[PDB]
Amino acid sequence: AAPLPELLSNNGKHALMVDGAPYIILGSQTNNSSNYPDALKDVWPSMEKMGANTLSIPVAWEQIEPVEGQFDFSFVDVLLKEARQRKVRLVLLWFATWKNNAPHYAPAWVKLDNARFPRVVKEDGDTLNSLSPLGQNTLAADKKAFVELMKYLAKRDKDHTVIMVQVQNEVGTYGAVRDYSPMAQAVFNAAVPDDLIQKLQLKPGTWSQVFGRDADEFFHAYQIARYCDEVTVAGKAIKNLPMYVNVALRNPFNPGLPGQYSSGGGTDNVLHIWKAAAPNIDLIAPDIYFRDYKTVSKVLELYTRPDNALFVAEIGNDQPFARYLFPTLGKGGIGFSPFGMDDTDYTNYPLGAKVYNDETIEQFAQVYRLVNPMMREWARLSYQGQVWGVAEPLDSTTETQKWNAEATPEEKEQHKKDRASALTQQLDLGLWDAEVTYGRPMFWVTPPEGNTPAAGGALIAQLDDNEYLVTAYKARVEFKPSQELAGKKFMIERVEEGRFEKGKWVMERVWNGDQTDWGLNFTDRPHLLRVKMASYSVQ
Ligand code: NA
Ligand code: NA
Ligand code: NA
Ligand code: NA
């Protein structure tokens, strides 16, 4: 019997174990209305073209329990069989009490019965279409259906085609910070639970007393976290798969107010509340639709924690997003799942690609082709060792920035110098450093000008003190000594291009001469290198 998938966390590192070894989700995620047998023919070709190893796809409460007590797993049966035929794995997305803050995917007998399953009430007494996490009947009903889905996987998915489940989808509330219903006010205007007071090491009191100006938001996050933890515990008691929640992000630099962003989700200001309230939820995953490097880089920093494995549970499917695979994996990320990878005639532009076509898919296939050939080796190095990864750090030049034209000719040479500097990244690899640059020839040392559009990146894993696994894309990687060498010289000892067969390295060729004189130059094609550096005495 195949071992259960498990999220391992050790010495601040994390692995998603699948079939007893670390695994990387090189994902594809459907649009929101592809969770039906007839839609699957519009999902698989994209997944094949992408080279994805894992499909993220919804399972909706409305579809599995359309009449109370009358369960229907017909979709899950077809999805399992067709995934198995393609030798891919699944992440099921439980669309239930919350889907983007709302109950649209709850059955009609739930979402149309507000007295049994109550909505968030604003301070002014107006109601929002967002179920209250203090609704005890709604918690019992969600938990009961979730348990029936997990019983379906316990009985029908013994080899764990499904490796992980997302509990709810982008929880929270737009339009208000919390529930201000009478039922919610009786809990708010009362003692904070001792367990939270103890975990945050705070002094006992009421929500307002203990949290002050943050009481309303922290209250909603705590109550939603508890609700999602209870659904999670109930499901894991049936089959103990990894389970996670996906966050409708607030802007980490300039968030605005809770309710403008989805209040109560796992936003960066309430990760402490979520971790204290929901010990059974494996990780809190960001849904990334910010296109600019600085903001995305900040999200990856905030969500990668000693207590939080990094899973990019959604990302935009426009071209600029593909290169974020590199920093995601460099952070020890367990996966990456671009959203909207199907041909069901929908695009979420402006969040994603304006057009969905083979070119849209190819931007992701090209970076997946760097990782797929080493996926198990990379996953093990990421968990047990030292890895790094970078993306091209300037976004594509805007029409408003092309401003460049109105610049004097000295402002221009200075711009070119400034861009070359910004397109040059340093990595400290112990005894050796790497310098990664973007958008230059494969010969000579003309400064980097960037790729058009921005697209490059690099992955490095340490194999030994002087040996690295390297693959990169539309970039140059150069090695150098990390520390002054006291009389010694240094060189590349050997660069081998090759592959892993049955976990053994197979060399195909040695890079040397022009291929190593000017750093290690990558285009759009996949090359996996083993780089051995040496210092040597000359005296
Ligand atoms: Na990892
Ligand atoms: Na060093
Ligand atoms: Na150094
Ligand atoms: Na090769």
# chains A, B, ... in the order shown; residues from 1 in each chain; ligands from 1
>>> residues_near_ligand(ligand="ligand 1", cutoff="9 Å", atoms="only C-alpha atoms and all ligand atoms", output="ChimeraX atom specification")
/A:9,13-16,22-24,309-310,329-334,378-385,387
>>> residues_around(residues="region 497-512 of chain A", least_positions_apart="5", cutoff="10 Å", atoms="only C-alpha atoms", output="list in words")
residues 373, 374, 375, 376, 377, 469, 470, 471, 492, 517, 520, 527, 528, 529, 530 and 531 of chain A
>>> write_last_selection(atoms="N, CA, C and O atoms", output="mmCIF file, in the first residue's frame")
data_model
loop_
_atom_site.group_PDB
_atom_site.id
_atom_site.type_symbol
_atom_site.label_atom_id
_atom_site.label_comp_id
_atom_site.auth_asym_id
_atom_site.auth_seq_id
_atom_site.Cartn_x
_atom_site.Cartn_y
_atom_site.Cartn_z
ATOM 1 N N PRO A 373 12.734 17.285 -15.793
ATOM 2 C CA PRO A 373 13.742 16.222 -15.901
ATOM 3 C C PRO A 373 14.509 15.922 -14.606
ATOM 4 O O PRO A 373 15.120 14.906 -14.540
ATOM 5 N N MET A 374 14.430 16.807 -13.633
ATOM 6 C CA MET A 374 15.079 16.622 -12.330
ATOM 7 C C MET A 374 14.109 16.704 -11.165
ATOM 8 O O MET A 374 14.492 17.167 -10.080
ATOM 9 N N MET A 375 12.816 16.490 -11.413
ATOM 10 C CA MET A 375 11.879 17.009 -10.392
ATOM 11 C C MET A 375 12.131 16.373 -9.023
ATOM 12 O O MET A 375 12.147 17.092 -8.018
ATOM 13 N N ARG A 376 12.345 15.074 -8.980
ATOM 14 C CA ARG A 376 12.554 14.358 -7.683
ATOM 15 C C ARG A 376 13.918 14.765 -7.070
ATOM 16 O O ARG A 376 14.037 14.924 -5.834
ATOM 17 N N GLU A 377 14.927 14.892 -7.929
ATOM 18 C CA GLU A 377 16.263 15.297 -7.408
ATOM 19 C C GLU A 377 16.172 16.703 -6.825
ATOM 20 O O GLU A 377 16.676 16.935 -5.708
ATOM 21 N N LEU A 469 24.354 22.061 -9.122
ATOM 22 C CA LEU A 469 23.410 21.750 -10.191
ATOM 23 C C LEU A 469 22.870 23.124 -10.619
ATOM 24 O O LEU A 469 22.390 23.846 -9.790
ATOM 25 N N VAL A 470 22.860 23.393 -11.916
ATOM 26 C CA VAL A 470 22.455 24.699 -12.476
ATOM 27 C C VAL A 470 21.603 24.479 -13.720
ATOM 28 O O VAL A 470 21.964 23.712 -14.637
ATOM 29 N N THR A 471 20.459 25.190 -13.736
ATOM 30 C CA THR A 471 19.702 25.319 -15.008
ATOM 31 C C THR A 471 19.140 26.712 -15.045
ATOM 32 O O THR A 471 18.749 27.218 -14.001
ATOM 33 N N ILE A 492 36.656 27.259 -13.317
ATOM 34 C CA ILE A 492 35.766 26.106 -13.528
ATOM 35 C C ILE A 492 36.646 24.860 -13.684
ATOM 36 O O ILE A 492 37.612 24.840 -14.485
ATOM 37 N N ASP A 517 33.560 30.428 -21.321
ATOM 38 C CA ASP A 517 34.462 31.597 -21.235
ATOM 39 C C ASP A 517 33.708 32.815 -20.729
ATOM 40 O O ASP A 517 34.314 33.723 -20.145
ATOM 41 N N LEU A 520 27.800 30.969 -18.194
ATOM 42 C CA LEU A 520 27.007 29.855 -18.666
ATOM 43 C C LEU A 520 25.714 30.467 -19.213
ATOM 44 O O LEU A 520 24.946 31.069 -18.377
ATOM 45 N N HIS A 527 18.716 23.002 -20.436
ATOM 46 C CA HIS A 527 20.038 22.379 -20.209
ATOM 47 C C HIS A 527 20.232 22.286 -18.698
ATOM 48 O O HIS A 527 20.147 23.320 -18.011
ATOM 49 N N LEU A 528 20.495 21.093 -18.241
ATOM 50 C CA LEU A 528 20.803 20.824 -16.825
ATOM 51 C C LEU A 528 22.326 20.575 -16.699
ATOM 52 O O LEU A 528 22.867 19.638 -17.331
ATOM 53 N N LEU A 529 22.972 21.396 -15.871
ATOM 54 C CA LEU A 529 24.457 21.348 -15.760
ATOM 55 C C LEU A 529 24.866 20.966 -14.365
ATOM 56 O O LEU A 529 24.233 21.373 -13.368
ATOM 57 N N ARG A 530 26.007 20.283 -14.298
ATOM 58 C CA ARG A 530 26.718 20.055 -13.034
ATOM 59 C C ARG A 530 28.033 20.857 -13.158
ATOM 60 O O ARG A 530 28.825 20.575 -14.084
ATOM 61 N N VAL A 531 28.209 21.843 -12.297
ATOM 62 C CA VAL A 531 29.330 22.814 -12.378
ATOM 63 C C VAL A 531 30.217 22.525 -11.168
ATOM 64 O O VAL A 531 29.782 22.733 -10.001
#
>>> select_by_dssp(residues="region 98-319 of chain A", states="helix (DSSP H, G or I)", output="short mmCIF file (atom, residue, chain, number, x, y, z; two decimals) with N, CA, C and O atoms, in the first residue's frame")
data_model
loop_
_atom_site.label_atom_id
_atom_site.label_comp_id
_atom_site.auth_asym_id
_atom_site.auth_seq_id
_atom_site.Cartn_x
_atom_site.Cartn_y
_atom_site.Cartn_z
N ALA A 108 -28.19 24.77 -3.39
CA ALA A 108 -29.33 25.71 -3.27
C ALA A 108 -29.94 25.64 -1.88
O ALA A 108 -30.37 26.71 -1.42
N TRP A 109 -30.06 24.44 -1.27
CA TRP A 109 -30.76 24.25 0.03
C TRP A 109 -29.90 24.89 1.14
O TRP A 109 -30.41 25.13 2.26
N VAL A 110 -28.63 25.19 0.82
CA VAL A 110 -27.79 26.00 1.75
C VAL A 110 -27.90 27.48 1.41
O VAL A 110 -28.29 28.27 2.34
N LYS A 111 -27.49 27.90 0.20
CA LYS A 111 -27.27 29.33 -0.06
C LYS A 111 -28.59 30.12 -0.11
O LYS A 111 -28.58 31.34 -0.01
N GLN A 136 -23.32 27.81 13.18
CA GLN A 136 -23.06 26.43 13.62
C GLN A 136 -23.71 25.42 12.66
O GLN A 136 -23.14 24.32 12.41
N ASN A 137 -24.86 25.72 12.09
CA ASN A 137 -25.47 24.75 11.16
C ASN A 137 -24.64 24.66 9.89
O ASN A 137 -24.48 23.53 9.32
N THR A 138 -24.07 25.79 9.45
CA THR A 138 -23.30 25.83 8.18
C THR A 138 -22.01 25.02 8.38
O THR A 138 -21.69 24.13 7.55
N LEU A 139 -21.39 25.16 9.54
CA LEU A 139 -20.15 24.40 9.86
C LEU A 139 -20.48 22.91 9.85
O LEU A 139 -19.79 22.11 9.19
N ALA A 140 -21.61 22.56 10.48
CA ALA A 140 -21.93 21.10 10.58
C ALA A 140 -22.17 20.55 9.16
O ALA A 140 -21.83 19.39 8.86
N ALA A 141 -22.90 21.31 8.34
CA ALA A 141 -23.27 20.88 6.96
C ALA A 141 -22.05 20.79 6.05
O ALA A 141 -21.91 19.75 5.38
N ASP A 142 -21.14 21.76 6.14
CA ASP A 142 -19.92 21.77 5.29
C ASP A 142 -19.11 20.55 5.70
O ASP A 142 -18.74 19.73 4.82
N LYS A 143 -18.84 20.41 7.01
CA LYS A 143 -18.02 19.33 7.59
C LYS A 143 -18.62 18.01 7.09
O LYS A 143 -17.90 17.13 6.74
N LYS A 144 -19.94 17.83 7.21
CA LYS A 144 -20.58 16.51 6.87
C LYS A 144 -20.31 16.15 5.39
O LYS A 144 -20.05 14.97 5.03
N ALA A 145 -20.45 17.11 4.50
CA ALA A 145 -20.24 16.85 3.04
C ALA A 145 -18.78 16.62 2.76
O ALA A 145 -18.49 15.71 1.95
N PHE A 146 -17.92 17.40 3.41
CA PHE A 146 -16.45 17.23 3.23
C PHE A 146 -16.07 15.82 3.64
O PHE A 146 -15.19 15.18 2.97
N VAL A 147 -16.63 15.34 4.76
CA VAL A 147 -16.35 13.97 5.26
C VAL A 147 -16.78 12.97 4.19
O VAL A 147 -16.06 12.00 3.96
N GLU A 148 -17.96 13.15 3.59
CA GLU A 148 -18.41 12.19 2.54
C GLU A 148 -17.41 12.21 1.38
O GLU A 148 -17.14 11.14 0.84
N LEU A 149 -16.87 13.37 0.99
CA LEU A 149 -15.84 13.41 -0.10
C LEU A 149 -14.60 12.65 0.34
O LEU A 149 -14.10 11.85 -0.48
N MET A 150 -14.19 12.82 1.59
CA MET A 150 -12.94 12.14 2.03
C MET A 150 -13.18 10.64 2.14
O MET A 150 -12.27 9.85 1.87
N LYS A 151 -14.40 10.24 2.51
CA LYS A 151 -14.76 8.81 2.55
C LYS A 151 -14.69 8.26 1.13
O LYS A 151 -14.25 7.11 0.96
N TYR A 152 -15.13 9.05 0.15
CA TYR A 152 -15.05 8.66 -1.28
C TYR A 152 -13.56 8.41 -1.61
O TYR A 152 -13.27 7.34 -2.19
N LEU A 153 -12.65 9.32 -1.23
CA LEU A 153 -11.23 9.10 -1.55
C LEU A 153 -10.67 7.96 -0.71
O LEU A 153 -9.81 7.20 -1.21
N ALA A 154 -11.10 7.81 0.55
CA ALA A 154 -10.54 6.69 1.35
C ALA A 154 -10.84 5.37 0.63
O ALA A 154 -10.00 4.45 0.65
N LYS A 155 -12.05 5.26 0.08
CA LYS A 155 -12.50 3.96 -0.48
C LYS A 155 -12.07 3.82 -1.93
O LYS A 155 -11.84 2.69 -2.34
N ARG A 156 -11.97 4.92 -2.68
CA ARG A 156 -11.81 4.82 -4.16
C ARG A 156 -10.45 5.37 -4.63
O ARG A 156 -10.24 5.38 -5.87
N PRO A 182 -26.27 40.01 15.72
CA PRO A 182 -26.39 39.79 17.16
C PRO A 182 -25.58 38.58 17.64
O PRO A 182 -24.93 38.70 18.69
N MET A 183 -25.66 37.45 16.92
CA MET A 183 -24.97 36.20 17.29
C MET A 183 -23.47 36.48 17.35
O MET A 183 -22.81 36.00 18.33
N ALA A 184 -22.96 37.28 16.40
CA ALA A 184 -21.51 37.56 16.30
C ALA A 184 -21.13 38.55 17.41
O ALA A 184 -20.08 38.36 18.08
N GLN A 185 -21.96 39.57 17.66
CA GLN A 185 -21.70 40.58 18.73
C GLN A 185 -21.65 39.86 20.08
O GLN A 185 -20.87 40.30 20.92
N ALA A 186 -22.43 38.79 20.31
CA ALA A 186 -22.40 38.17 21.66
C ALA A 186 -21.04 37.46 21.88
O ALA A 186 -20.59 37.35 23.03
N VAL A 187 -20.37 37.04 20.81
CA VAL A 187 -19.04 36.35 20.87
C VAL A 187 -17.94 37.39 20.88
O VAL A 187 -16.98 37.17 21.60
N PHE A 188 -18.08 38.47 20.13
CA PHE A 188 -17.08 39.58 20.05
C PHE A 188 -17.00 40.34 21.37
O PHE A 188 -15.90 40.71 21.84
N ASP A 194 -8.98 31.20 25.62
CA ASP A 194 -7.71 31.11 26.38
C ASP A 194 -6.63 30.62 25.42
O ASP A 194 -5.46 31.18 25.49
N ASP A 195 -6.97 29.62 24.58
CA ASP A 195 -5.98 29.00 23.67
C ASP A 195 -5.29 30.05 22.78
O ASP A 195 -4.10 29.89 22.54
N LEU A 196 -6.01 31.05 22.27
CA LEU A 196 -5.40 32.08 21.38
C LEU A 196 -4.53 33.00 22.25
O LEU A 196 -3.38 33.25 21.83
N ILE A 197 -5.07 33.48 23.39
CA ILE A 197 -4.40 34.35 24.41
C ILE A 197 -3.07 33.69 24.79
O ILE A 197 -2.03 34.44 24.85
N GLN A 198 -3.06 32.37 24.99
CA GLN A 198 -1.81 31.63 25.35
C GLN A 198 -0.83 31.53 24.18
O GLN A 198 0.40 31.67 24.44
N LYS A 199 -1.31 31.26 22.96
CA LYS A 199 -0.43 31.10 21.77
C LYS A 199 0.21 32.43 21.36
O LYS A 199 1.36 32.42 20.92
N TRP A 207 -12.29 40.81 22.97
CA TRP A 207 -11.61 41.06 21.68
C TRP A 207 -11.10 42.50 21.60
O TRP A 207 -9.94 42.72 21.19
N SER A 208 -11.93 43.50 21.90
CA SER A 208 -11.55 44.93 21.74
C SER A 208 -10.41 45.24 22.72
O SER A 208 -9.42 45.93 22.34
N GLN A 209 -10.49 44.73 23.91
CA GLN A 209 -9.49 45.02 24.97
C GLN A 209 -8.13 44.50 24.55
O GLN A 209 -7.17 45.30 24.55
N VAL A 210 -8.07 43.21 24.21
CA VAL A 210 -6.84 42.46 23.81
C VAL A 210 -6.28 42.99 22.49
O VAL A 210 -5.09 43.10 22.36
N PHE A 211 -7.11 43.21 21.45
CA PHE A 211 -6.58 43.50 20.08
C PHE A 211 -6.80 44.95 19.67
O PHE A 211 -6.28 45.35 18.63
N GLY A 212 -7.55 45.73 20.44
CA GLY A 212 -7.77 47.15 20.08
C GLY A 212 -8.28 47.29 18.65
O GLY A 212 -9.31 46.61 18.27
N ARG A 213 -7.59 48.14 17.86
CA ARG A 213 -8.00 48.61 16.51
C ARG A 213 -8.08 47.42 15.53
O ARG A 213 -8.72 47.57 14.44
N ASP A 214 -7.49 46.28 15.90
CA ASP A 214 -7.43 45.08 15.01
C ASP A 214 -8.47 44.06 15.46
O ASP A 214 -8.50 43.00 14.88
N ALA A 215 -9.26 44.37 16.49
CA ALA A 215 -10.16 43.37 17.08
C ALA A 215 -11.09 42.82 15.97
O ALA A 215 -11.34 41.61 16.01
N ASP A 216 -11.68 43.68 15.15
CA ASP A 216 -12.74 43.26 14.18
C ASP A 216 -12.13 42.29 13.17
O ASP A 216 -12.65 41.18 12.98
N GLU A 217 -11.01 42.67 12.57
CA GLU A 217 -10.39 41.80 11.54
C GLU A 217 -9.86 40.51 12.18
O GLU A 217 -9.98 39.41 11.60
N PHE A 218 -9.13 40.62 13.29
CA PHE A 218 -8.53 39.42 13.94
C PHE A 218 -9.67 38.48 14.36
O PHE A 218 -9.52 37.23 14.31
N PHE A 219 -10.77 39.07 14.83
CA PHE A 219 -11.96 38.26 15.19
C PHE A 219 -12.41 37.47 13.96
O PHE A 219 -12.66 36.24 14.08
N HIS A 220 -12.57 38.12 12.80
CA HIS A 220 -13.07 37.37 11.61
C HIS A 220 -12.07 36.31 11.15
O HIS A 220 -12.43 35.14 10.88
N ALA A 221 -10.81 36.64 11.15
CA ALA A 221 -9.76 35.66 10.79
C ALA A 221 -9.81 34.53 11.77
O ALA A 221 -9.74 33.41 11.31
N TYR A 222 -9.87 34.82 13.09
CA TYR A 222 -9.90 33.70 14.07
C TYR A 222 -11.14 32.83 13.78
O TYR A 222 -11.06 31.60 13.75
N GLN A 223 -12.30 33.43 13.57
CA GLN A 223 -13.53 32.59 13.50
C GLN A 223 -13.51 31.79 12.19
O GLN A 223 -13.88 30.61 12.21
N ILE A 224 -13.02 32.35 11.11
CA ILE A 224 -12.90 31.59 9.83
C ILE A 224 -11.82 30.52 9.94
O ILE A 224 -12.05 29.34 9.53
N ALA A 225 -10.68 30.87 10.54
CA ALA A 225 -9.64 29.86 10.78
C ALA A 225 -10.19 28.69 11.58
O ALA A 225 -9.89 27.53 11.19
N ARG A 226 -10.95 28.94 12.66
CA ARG A 226 -11.47 27.83 13.49
C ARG A 226 -12.39 26.97 12.62
O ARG A 226 -12.38 25.70 12.69
N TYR A 227 -13.27 27.63 11.86
CA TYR A 227 -14.24 26.91 11.00
C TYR A 227 -13.49 26.00 10.02
O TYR A 227 -13.77 24.76 9.92
N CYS A 228 -12.46 26.57 9.34
CA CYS A 228 -11.69 25.78 8.35
C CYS A 228 -10.88 24.68 9.04
O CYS A 228 -10.74 23.60 8.46
N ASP A 229 -10.45 24.91 10.29
CA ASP A 229 -9.68 23.89 11.02
C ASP A 229 -10.60 22.72 11.34
O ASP A 229 -10.13 21.51 11.25
N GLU A 230 -11.85 23.03 11.74
CA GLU A 230 -12.80 21.96 12.09
C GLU A 230 -13.16 21.14 10.87
O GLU A 230 -13.20 19.92 11.01
N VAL A 231 -13.34 21.78 9.71
CA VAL A 231 -13.66 21.00 8.48
C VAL A 231 -12.46 20.12 8.17
O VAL A 231 -12.63 18.93 7.92
N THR A 232 -11.28 20.72 8.25
CA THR A 232 -9.97 20.02 8.01
C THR A 232 -9.84 18.81 8.93
O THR A 232 -9.55 17.72 8.44
N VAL A 233 -10.03 18.97 10.24
CA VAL A 233 -9.87 17.84 11.20
C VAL A 233 -10.85 16.72 10.85
O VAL A 233 -10.44 15.54 10.82
N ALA A 234 -12.10 17.09 10.52
CA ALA A 234 -13.14 16.10 10.24
C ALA A 234 -12.71 15.29 9.01
O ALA A 234 -12.84 14.05 8.98
N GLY A 235 -12.20 15.97 8.01
CA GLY A 235 -11.79 15.29 6.76
C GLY A 235 -10.56 14.44 6.97
O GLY A 235 -10.54 13.27 6.52
N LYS A 236 -9.59 14.94 7.71
CA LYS A 236 -8.33 14.18 7.90
C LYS A 236 -8.62 12.95 8.75
O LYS A 236 -7.88 11.97 8.60
N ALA A 237 -9.66 12.97 9.60
CA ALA A 237 -9.99 11.79 10.45
C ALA A 237 -10.41 10.60 9.56
O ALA A 237 -10.15 9.44 9.92
N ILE A 238 -10.88 10.91 8.35
CA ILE A 238 -11.27 9.90 7.34
C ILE A 238 -10.05 9.49 6.54
O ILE A 238 -9.89 8.25 6.38
N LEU A 271 -1.52 36.05 9.64
CA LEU A 271 -0.90 34.71 9.60
C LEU A 271 -0.70 34.19 11.03
O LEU A 271 -0.90 32.96 11.25
N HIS A 272 -0.40 35.06 12.01
CA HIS A 272 -0.21 34.62 13.42
C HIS A 272 -1.52 34.11 13.98
O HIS A 272 -1.49 33.10 14.71
N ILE A 273 -2.62 34.77 13.62
CA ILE A 273 -3.97 34.33 14.07
C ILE A 273 -4.30 33.00 13.42
O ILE A 273 -4.67 32.07 14.15
N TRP A 274 -4.07 32.88 12.12
CA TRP A 274 -4.36 31.63 11.39
C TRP A 274 -3.55 30.46 11.91
O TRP A 274 -4.07 29.32 12.05
N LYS A 275 -2.27 30.70 12.19
CA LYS A 275 -1.40 29.59 12.69
C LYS A 275 -1.79 29.18 14.10
O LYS A 275 -1.75 27.95 14.35
N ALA A 276 -2.22 30.12 14.95
CA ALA A 276 -2.62 29.81 16.35
C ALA A 276 -3.98 29.13 16.32
O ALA A 276 -4.21 28.24 17.09
N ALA A 277 -4.86 29.51 15.36
CA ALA A 277 -6.28 29.08 15.41
C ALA A 277 -6.44 27.75 14.69
O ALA A 277 -7.38 26.99 15.00
N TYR A 293 7.53 42.54 -10.10
CA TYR A 293 8.56 41.74 -9.44
C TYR A 293 8.65 42.09 -7.98
O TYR A 293 8.74 41.17 -7.13
N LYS A 294 8.75 43.35 -7.67
CA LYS A 294 8.93 43.75 -6.23
C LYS A 294 7.79 43.20 -5.35
O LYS A 294 8.06 42.68 -4.20
N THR A 295 6.54 43.35 -5.82
CA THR A 295 5.39 42.93 -4.99
C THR A 295 5.37 41.40 -4.93
O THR A 295 5.09 40.82 -3.88
N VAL A 296 5.54 40.74 -6.05
CA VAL A 296 5.52 39.26 -6.02
C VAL A 296 6.65 38.80 -5.10
O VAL A 296 6.44 37.87 -4.35
N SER A 297 7.85 39.35 -5.30
CA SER A 297 8.97 38.93 -4.43
C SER A 297 8.60 39.10 -2.93
O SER A 297 8.84 38.18 -2.12
N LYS A 298 7.86 40.16 -2.56
CA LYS A 298 7.48 40.42 -1.15
C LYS A 298 6.51 39.34 -0.71
O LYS A 298 6.61 38.82 0.39
N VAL A 299 5.55 38.99 -1.55
CA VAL A 299 4.60 37.90 -1.19
C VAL A 299 5.33 36.58 -0.93
O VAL A 299 5.08 35.89 0.09
N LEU A 300 6.30 36.26 -1.79
CA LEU A 300 7.01 34.98 -1.64
C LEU A 300 7.77 35.05 -0.31
O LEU A 300 7.83 34.04 0.37
N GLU A 301 8.33 36.20 0.06
CA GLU A 301 9.08 36.35 1.36
C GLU A 301 8.12 36.16 2.54
O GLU A 301 8.36 35.38 3.42
N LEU A 302 6.94 36.79 2.45
CA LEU A 302 6.01 36.81 3.61
C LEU A 302 5.39 35.42 3.83
O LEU A 302 5.07 35.10 4.97
N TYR A 303 5.21 34.62 2.78
CA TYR A 303 4.50 33.32 2.85
C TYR A 303 5.47 32.16 3.05
O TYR A 303 5.05 31.05 3.29
N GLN A 319 2.05 35.93 -19.54
CA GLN A 319 3.49 35.65 -19.71
C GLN A 319 4.37 36.10 -18.56
O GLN A 319 5.31 35.37 -18.25
#
>>> closest_residue(among="A:521, A:461, A:484, A:315", to="residue 440 (chain A)", atoms="only C-alpha atoms")
A:521
>>> atom_distance(atom1="CA of residue 516 (chain A)", atom2="CA of residue 534 (chain A)")
14.2 Å
>>> residues_near_ligand(ligand="ligand 3", cutoff="12 Å", atoms="only C-alpha atoms and all ligand atoms", output="PyMOL selection string")
chain A and resi 426-434+480-485
>>> write_last_selection(atoms="N, CA and C atoms", output="short mmCIF file (atom, residue, chain, number, x, y, z; two decimals), in the first residue's frame")
data_model
loop_
_atom_site.label_atom_id
_atom_site.label_comp_id
_atom_site.auth_asym_id
_atom_site.auth_seq_id
_atom_site.Cartn_x
_atom_site.Cartn_y
_atom_site.Cartn_z
N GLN A 426 23.37 38.87 -7.41
CA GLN A 426 24.40 38.06 -6.73
C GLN A 426 23.76 36.98 -5.86
N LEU A 427 24.32 35.78 -5.88
CA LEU A 427 23.96 34.69 -4.94
C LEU A 427 25.22 34.18 -4.24
N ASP A 428 25.09 34.10 -2.92
CA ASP A 428 26.15 33.60 -2.03
C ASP A 428 25.93 32.09 -1.89
N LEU A 429 26.78 31.29 -2.54
CA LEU A 429 26.67 29.81 -2.53
C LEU A 429 27.72 29.15 -1.61
N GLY A 430 28.26 29.87 -0.62
CA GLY A 430 29.23 29.32 0.35
C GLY A 430 30.66 29.71 -0.06
N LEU A 431 31.41 28.78 -0.64
CA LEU A 431 32.79 29.08 -1.11
C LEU A 431 32.75 29.81 -2.46
N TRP A 432 31.58 29.79 -3.14
CA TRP A 432 31.47 30.33 -4.50
C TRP A 432 30.25 31.24 -4.53
N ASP A 433 30.28 32.26 -5.37
CA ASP A 433 29.11 33.12 -5.62
C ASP A 433 28.71 32.88 -7.07
N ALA A 434 27.43 33.14 -7.38
CA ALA A 434 27.00 33.23 -8.78
C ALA A 434 26.51 34.64 -9.03
N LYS A 480 32.19 32.58 -9.32
CA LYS A 480 33.40 33.27 -8.86
C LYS A 480 33.61 32.87 -7.42
N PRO A 481 34.82 33.08 -6.84
CA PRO A 481 35.02 32.81 -5.43
C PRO A 481 34.22 33.74 -4.53
N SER A 482 33.70 33.21 -3.42
CA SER A 482 32.89 34.01 -2.48
C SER A 482 33.80 34.89 -1.62
N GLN A 483 35.01 34.43 -1.28
CA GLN A 483 35.96 35.07 -0.30
C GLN A 483 37.28 35.29 -1.06
N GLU A 484 38.12 36.28 -0.69
CA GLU A 484 39.49 36.52 -1.28
C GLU A 484 40.33 35.25 -1.07
N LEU A 485 41.16 34.82 -2.03
CA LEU A 485 41.72 33.44 -2.03
C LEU A 485 43.18 33.34 -1.56
#
>>> closest_residue(among="A:328, A:317, A:97, A:46", to="residue 349 (chain A)", atoms="only C-alpha atoms")
A:317
>>> closest_residue(among="A:447, A:395, A:519, A:370", to="ligand 4", atoms="only C-alpha atoms and all ligand atoms")
A:370
>>> atom_distance(atom1="CA of residue 63 (chain A)", atom2="CA of residue 241 (chain A)")
21.6 Å
>>> residues_around(residues="region 282-290 of chain A", least_positions_apart="3", cutoff="8 Å", atoms="only C-alpha atoms", output="ChimeraX atom specification")
/A:7,242-249,266,279,295-296,299,303,308-316,351-352
>>> select_by_dssp(residues="region 173-418 of chain A", states="strand (DSSP E)", output="PyMOL selection string")
chain A and resi 243-248+283-288+311-315+335-338+387-391
>>> residues_around(residues="residue 366 (chain A)", least_positions_apart="6", cutoff="12 Å", atoms="only C-alpha atoms", output="NGL selection string")
:A and (26 or 49-52 or 319 or 322-323 or 325 or 358-360 or 372 or 455-457 or 472-474 or 523-527)
>>> residues_around(residues="residue 4 (chain A)", least_positions_apart="2", cutoff="9 Å", atoms="only C-alpha atoms", output="ChimeraX atom specification")
/A:2,6,17-20,159-160,163,239-242
>>> atom_distance(atom1="CA of residue 43 (chain A)", atom2="CA of residue 357 (chain A)")
12.8 Å
>>> closest_residue(among="A:409, A:3, A:320, A:66", to="residue 394 (chain A)", atoms="only C-alpha atoms")
A:320
